[PDB]
Structure formats: C-alpha cells, structure tokens
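Going line by line, the protein sequences match chains E and D. Heads up, the first sequence is in the authors' numbering, so the first residue is 1 and it goes up one at a time. Heads up, the second sequence is in the authors' numbering, so the first residue is 1 and it goes up one at a time. We treat Cβ as the ideally placed atom computed from N, Cα and C, and that holds for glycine. Here's the structure we're looking at; comments come further down.
Protein chains: 2
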Amino acid sequence: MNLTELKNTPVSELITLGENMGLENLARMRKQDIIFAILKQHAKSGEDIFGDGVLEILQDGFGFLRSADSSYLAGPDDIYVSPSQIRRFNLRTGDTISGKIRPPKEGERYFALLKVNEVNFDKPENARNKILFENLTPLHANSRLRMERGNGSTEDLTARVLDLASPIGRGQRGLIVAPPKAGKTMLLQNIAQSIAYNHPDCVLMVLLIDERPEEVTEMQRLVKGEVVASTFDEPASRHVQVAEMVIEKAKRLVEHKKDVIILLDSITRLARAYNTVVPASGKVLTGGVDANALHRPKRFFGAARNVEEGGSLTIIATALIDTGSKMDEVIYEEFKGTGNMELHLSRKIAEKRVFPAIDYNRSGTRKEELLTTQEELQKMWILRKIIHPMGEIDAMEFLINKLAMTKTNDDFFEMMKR
Amino acid sequence: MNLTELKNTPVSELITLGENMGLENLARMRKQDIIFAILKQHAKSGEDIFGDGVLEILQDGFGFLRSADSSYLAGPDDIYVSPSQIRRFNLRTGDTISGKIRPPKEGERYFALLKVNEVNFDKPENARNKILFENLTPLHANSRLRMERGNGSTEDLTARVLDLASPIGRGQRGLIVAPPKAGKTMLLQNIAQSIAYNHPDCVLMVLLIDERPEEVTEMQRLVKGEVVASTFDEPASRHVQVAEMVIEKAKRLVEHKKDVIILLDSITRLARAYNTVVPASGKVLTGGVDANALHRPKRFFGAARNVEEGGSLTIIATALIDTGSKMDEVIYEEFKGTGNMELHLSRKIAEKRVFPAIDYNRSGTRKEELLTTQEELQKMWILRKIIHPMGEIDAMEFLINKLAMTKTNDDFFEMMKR
Ligand SMILES: Nc1nc2c(ncn2[C@@H]2O[C@H](COP(=O)(O)OP(=O)(O)OP(=O)(O)O)[C@@H](OP(=O)(O)OP(=O)(O)O)[C@H]2O)c(=O)[nH]1
Ligand SMILES: [Mg+2]
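This is how it looks when you write it as structure tokens:
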C-alpha cells in the first residue's frame, strides 16, 4: 500500500475508504488522524505498506520523514526512523527516502521504516559516496535560463519584459524589491509557470512564508510542482522549520547531481521569524533585531550557486519595503548588495494599472555577459542607453507597448536593430 | 418546561414565577441563581425539562452547556455533559446541543443532560459525519455582501460609501483601522443593520471585547442577531474564553454549510487579553508584548475563509491605532498583511463632523474582481481615478455630497458618467 496515494486522495474519499474498512467514526478528526488510523488498520490486516518522505534530524538524534503534501508539518502519521538507520545509510535532513513501513508496535506512537529501497531517487548504497553541498566550489552563473514563453500571449509579456530587463541564470541568487501592492504574486506565478514549461527537468519548489491561507490554495493550484507554505496562523517555529527543510532538500538534490529552483516568497518574513525564534545574544541591533538573528537568513540565501560538478541551485527571493515595519528596511539594508540580479518594482507604475510595474533603469544584473551572447549583450547595452533618458513610468509604458507589437523577443531584437 | 425561554424572561418575571411557584427569597440573588432555584422546584415535579446551549469542553473531560444570554458566563444553571455523551456523539467545543435535562442528584450541583435530540440544528447522526473545519479548502471570497439597501436615508450613506470604498464578500478577512473618537462603533452598528437587512440567511455574531457596559446594552438592543460581550471590569481570562467560544461556535456552524459573519469590536483588545493571560516565553518584543501571545489572536483572525465545499466565515475586526500606547501600535504592526480588506478611518475627517470618516484613498480590498461585476469594477476604477488627486477630507466631503443627491449607487454611477 502506498502512503502517498492515501495522502493525495481527498479527505472525503479517505473517510469513505476507512468506512469500507470499518473503524466507525472517521469524519470528525483531522486528515492526519484519518490516515494514521487507516494505515494502522491496514497494517493489522497484514499487507505491507510503502511510504516515502523527506528526512529531518531532531535535537533528540532521531529522524522523521515529513510529508510534502502536509507542507512538512509534524503529524501522527509521520514516519519516525531510529539513529541506527541513519548510521547504516549516510542520511541527513532534506533527503527523500522511500521504503516499506513497519506497523506501530507497543511503544511506537508512529510508523517506522522496515527496509529502505530508495534514497533521493536512488539506491541506498549510491548515496554514500556523494559529495556534500559546499565542498563543491561556488561558480559564477554561466548557463542562461530562458523563461520566455514564446506563445505571444499577454502572460508572456511580463516574462519577456523581465528577461530583457534582467536575465536570470542557473544558480543565481536573485532579489526582488517589492513595495506593497506592486504585483509580487502576479510576477511569481508567471515566473513559476515559465520555469515549469520552458525547463521541465529542473525541480521547482515554491516556499511561501507568512502567507494568507487563501493564497496558498491558488499557489498550489497554479504551480506545477511542489508548493510548501506557512500561513500567519502558525508560529515562527513553523516558518523556520519549513524554510530549513526546504533549503536542506534543495542542497541534498544539488549533491545528487539534480538541478533545483527555489522561489522564495519573502526574505523579510523569514528574517522576522528568525529574529523571533532565536534567543537574544545580549546585544540588540537597530530596530529590535539580533545580530545572530540575521545570520541564518544569510545562510539560507547564500546557498544559491552554480556547482561545476552537479548542477545549480537558484533561489529567487523577494524583499518587502515601505511596509511600515522598520525591521523590513533593516533587512533591506542588510541585503543591499547581496543578490546577483536585482529587479525593482515601482508603486507609482502599478498605480496606473499598467503591468508589470518594474523600474527598467534600476533593474539589472551583474556579469550578464556570461549568461547571454555578444549580440544580446550589446543590444541590452544600447537599449539601456536609449531608454535611460526618459522617465521610469514612461519607460515601462514604452516597453510594454513595443513588446506588444512584437511576437517574440527576436522580433523586438530586429525591431530595435532597424 | 424550556430553560431557554425561562432565561429570556426578565428578572421581575422570574421573581414572580418563583413566588407563585412557592419559593422564598429569589429577590437579592443573581439571575443564574434564581433560574437554578426555579428549575429545581419545577424538577421536583418533573414535566421533562428541556434546554439547549453551546458546549464548552474542559480539560478534565466533561463539558458545560453555556448560554449566549449571559455571553457564555459560567453559572449554576449550566448543563453538565459527561464524557460518555461526548464520546457517544462526537462533540467538540462550540457545538449547539438541545435536548431534555435531568435534575441534579446527590453529590452533584449541576443539571445534567439526559437525552440529546438536536446537535448543531441537526440530528446527531448527521452531525457525526461532518467534515472538520481544518480539512475544508480555503478560497478567495467571490459572493458579494451588498451593504446598500437603497432606502435613500442618511443612514444608508455610510453603507453606500463603504460599498464604494472597500467591497466585502462572504469569507473576507476585513480590518478597520480606527483612531480614537473616529466613529468605529457607529460604523459597526450600521454594518450590523445592513447585514441583518440584506442577508437574513447569514448568521451574524457581534463580539465586543473590553467594552463599556452601556455600549453592550446599546448594541444588544440595536443588533438583530447574537451579541456577546465582555466588559472591561472582567479578567482577561474572560475575554479569552468568550473569544474562543465565539470562534468555535462559528467553526461548528460553518462545518454545516452555513455563512457566519463575526464583527469584532477590537482585535487590539483581544491581543492585549491574550498577552496578559499567556505565560511569558522569555522573549518580549517592544512595548511589552510576547511573540508567543500573538499566535493566538492570529489563529482567531486566520479562520476567516470561503470554504470551497460550502458556507463561509467572514470576520470584520477593528484595529485601534494612535491610542497613545506602544503595545497597541505593535499589535497593529503585526497585523497589516493578514487582512485581504482594509478600511481606514480618519480623525481628521471626524473632527469636522463629516461622517462616515473614511479615508477613501488609503482603503480598499484585495482581488475585488471576483466580488464585483465588470461594469461595477470599471466604474469603481473611474471613481477612484477621480478621487485620487483630492485630499482625504475634501474627497470624502465631495463623495458624500454627490452620494446624498441620488438614491442608489447605480444611479450615482450613471450621473457621474454623464
Ligand atoms: N491582470 C494583471 N494584474 C497584475 C499584473 N501585475 C500586477 N497585477 C496586479 O497587481 C496586484 C497584485 O499585487 P500583490 O503582489 O499580489 O500584493 P502584495 O501585498 O504586494 O504581495 P502578496 O500578494 O501579499 O504576496 C493585483 O491587483 P489587486 O487587485 O490585488 O490590488 P489591490 O489589493 O490594491 O486591490 C494584480 O492584479 C499583471 O501582469 N496582469
Ligand atoms: Mg507576499
């Protein structure tokens, strides 16, 4: 029996399946309780069960395989694995493990792994000789990630506008400056769709911190891939835990020669959660924040890199400014010159209901010549020269108007070449 | 007899009933005590006493059927339900149980439930199979709640202004930012009347926290619905208990595919009560608040959603700003991004005796395309474009002057189009 099959099924179908098996009252308790009871009954039946999850090390030394469909939330059905297994097969937090599951015997409040048959989509033995994450050297991004949809639809307009504004490559550490009511989500959704279509091989995971519960559903419906989020109901501990699990899973994927892309929703929310969770170091920085608090956001953000051996790790993050909270621009002043590429959004442009509201003159990337070719580089340079004089809002209007008349980016290339 | 109808009777009628029943004193006791005495005297002869109430589950195992007449205050007349009944029918806190009761026996001082005949306005068997609230899928609000009644009276001006400014829908999570002496109570009263008029099907509850005793009675005599309040002369535990009972009752009602609307007089007062009642976690933010504390009010605020299966939970809570306290400031600080609808009251417009004192430029709703039609949305955009250059007080004066001339918002749009 497949645990993920039960998890993916709707709750009503789970209740009906349990009632067919029996168990009497099943509707009232949560989904995790339902799946736990159904799994226990099926194990009592005798048939072997196969389950998969993402491993995590707890402070007690034990391992837990959290599930992605629950946004890595601890639950009664969370498989728990002894440190003996971790010693037997070299494992750490973020690893994806699939195998047969032991029924919960006396003293077993959760399910446990009997035999492991898959580690990070690979055999257990082949995971021992892999190299850690930052043992691999950091290298400048060189392989361009093309996120032009190419269908000519209105959705592709923002993708190509950001592409000529500031190209994004594999392994880059992007940064988005998003004032309130600027279209941050309407940009993230398009970026996620472009990544999922143009580059299906790369693993796409979306991390949302301090989000509204209603937006999580639309994010997880629109994005083809893995969406994990922590709403504002959950404490800062949950935000930190989900962020750490996501970054560790990405690092483990990179170590396994996989290419993974992370679309972080907000650096500011993560930094606030980290400031809340960490103990005080005895020194209070400006704005009621801790020096040690700001370190772990840097640890999360700096993992974006183009590994010369196994692939890339791209982390696109968005910054919140002019929110009113002073810790927000404290975090901004911490990350002034950290991102490889920076895209700036403008509130005044968004006021006229013309989108995308970006500042083309400000938005740009460093060492762009590596990602693009010579012709693209000089074309971008002359475009910067010619749209440099006119105002940013008129610049955006002219850009969207001109890209509208052109089917693709090459049509624009030939248009400004004449 | 029925306990609820006895509770609804005035105190003098209760004393007369106790006297003609042949019971002495009953004058200087509280309402609950005289109710208990009357119930005991009638129970000595039987006649199958009835009673209903909202279930509050205590950690010891058993529960109590509180009444909304006393705003769920603990009293001698509360029905006592044993854990056996809570186990036979799956009952959680907030369930509305109605049935016959039995007189207390030797060794017990509370009336006990004898035979349940209604749970959540439904048969117990049907209520046992309901899906839990947490398993329901949140969604963006799409069904509008039109405040305007079209009467043309000067009271409808506030409703029409608010319909133009920040449209609301079933399942919204609204926030009213009100400085002191701006007119929040009158606005809440008007919203309650508009809801009771236009949408009689929705369940309307008005929750007042730390309110003055006279305002409580004013709201109870004005609002056509359920009003539960806890005055300032009560411990913060009382505020916490009342808020939790209200939210649990709302969740149970929503589980039955019902639309529930909750108007919260102050999220700031609720946050203060939670901060007082919660144990200190050792990390204290600016102003003396505990980061652990604000997790509980947020869970109250985050329950507002539009359930995909059916029903919705609208929560319109007022936030107090510029009250002269840093703790209230940080409480509002932690709550900006949670709401999908905001309405900003202005003291500058209030001091000129121009009402409603609504800051039109700084107030709005998120994703208004779903609630309103295309023509309504474009007309609203035209009006916003017209208003935007004006100052807040001039804009509100002009808007109210133009709005009073006609009767309905549609005719106002037609006139402005010309
Ligand atoms: N059709 C279209 N709309 C765009 C586009 N780009 C931006 N927008 C609009 O910009 C708004 C999105 O802003 P968000 O980033 O979602 O809001 P933020 O709070 O900054 O981030 P968050 O969603 O919390 O993570 C939406 O309008 P609101 O009604 O929510 O703003 P309004 O609320 O003023 O009515 C979008 O419709 C685009 O390319 N096409
Ligand atoms: Mg956001």
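query = Per DSSP, what kind of secondary structure is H239/D in: helix, strand or coil?
reply = helix
ask   = Of all Cβ atoms in chain D, is any one closer than 8 Å to the Cβ of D233/E?
value = yes
inquiry  = Could you check whether the Cβ of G61/D sits closer than 8 Å to any Cβ belonging to chain E?
reply    = no
query = Nearest chain D C-beta to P124/E closer than 8 Å, yes or no?
reply = no
query = Of all the CB atoms in chain E, is at least one closer than 8 Å to the CB of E375/D?
reply = no
message = Please list, in chain order, the chain E residues whose beta carbon lies closer than 9 Å to that of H140/D.
response = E214, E215, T217, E218
key: Alpha-carbon to alpha-carbon, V203/E and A303/E   = 16 Å
ask   = Could you give the distance in angstroms between the alpha-carbon of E376/E and the alpha-carbon of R149/E?
value = 18 Å
message = For ligand 2, I want to know if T185/E counts as a neighbour, meaning its beta carbon is within less than 7 Å of at least one of the ligand's heavy atoms.
response = yes
key: Bridge partner(s) assigned by DSSP for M205/D   = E226/D, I262/D
query = Anyone know if the C-beta pair for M219/D and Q193/D falls short of 8 Å?
reply = no
message = Please tell me whether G107/D has its Cβ less than 8 Å away from any Cβ of chain E.
response = no
query = How long is the line joining the alpha carbons of residue 449/E and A271/E, rounded to whole angstroms?
reply = The structure shown does not extend to residue 449/E, since chain E is modelled only from 1 to 418, so the question has no answer here.
inquiry  = Any beta carbon from chain E within less than 8 Å of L285/D's own beta carbon?
reply    = yes
task = State the DSSP-derived secondary structure class of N142/E, mapped to helix, strand or coil.
result = coil
task = Quick one: list the residues of chain E neighbouring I331/D, beta-carbon separation under 7 Å, in chain order.
result = Near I331/D there are no residues of chain E at all, since even the closest Cβ is about 13 Å away, more than 7 Å.
query = Beta carbon of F301/D: closer than 7 Å to some heavy atom of ligand 1?
reply = no
query = Between the region 151-176 of chain E and chain D, which residues of the former have CB atoms less than 8 Å from a CB of the latter, in chain order?
reply = none
request  = Go through its chain and collect everything with a Cβ distance to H388/E's Cβ below 8 Å, but skip five positions before and after it.
outcome  = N361
query = Quick one: is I382/E buried, meaning 16 or more other Cβ sit within 10 Å of its Cβ, or exposed?
reply = exposed
message = Could you check if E376/D belongs to the surroundings of ligand 1, using beta carbon to heavy atom distance under 7 Å?
response = no
query = Can you tell me whether DSSP reads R160/D as helix, strand or coil?
reply = helix
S312/E - containing beta strand (DSSP E), residue span = 311-320
key: Backbone secondary structure at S98/D - three-state DSSP   = strand
task = Check whether the Cβ of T158/E lies closer than 7 Å to any heavy atom of ligand 1, and answer yes or no.
result = yes
ask   = Using the rule of at least 16 other Cβ atoms within 10 Å of the residue's Cβ for burial, across every protein chain shown, is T158/D buried or exposed?
value = buried
query = Got a sec: is the Cβ-Cβ distance from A27/E to anything in chain D below 8 Å?
reply = yes
query = With a Cβ-Cβ cutoff of 8 Å, do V223/E and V206/E count as a contact?
reply = yes
request  = Look up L403/E in the DSSP assignment and say whether it is helix, strand or coil.
outcome  = helix
task = Taking only heavy atoms of ligand 2 into account, decide whether any of them is closer than 7 Å to the Cβ of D265/E.
result = yes
inquiry  = Taking 7 Å as the cut-off, is the C-beta of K367/D nearer than that to any heavy atom in ligand 1?
reply    = yes
ask   = Under a Cβ-count criterion, where at least 16 other Cβ atoms within 10 Å of its own Cβ denotes burial, should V284/E be classed as buried or exposed?
value = exposed
query = So which residues of chain D does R30/E contact, with C-beta pairs closer than 9 Å?
reply = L132, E134, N135
query = Considering only the beta carbon of each residue, do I35/D and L14/D sit closer than 8 Å?
reply = yes
ask   = Any Cβ of chain D within less than 8 Å of the Cβ of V11/E?
value = yes
key: Touch test, the region 250-263 of chain D against the region 288-298 of chain D, Cβ-Cβ under 8 Å, three pairs minimum   = no
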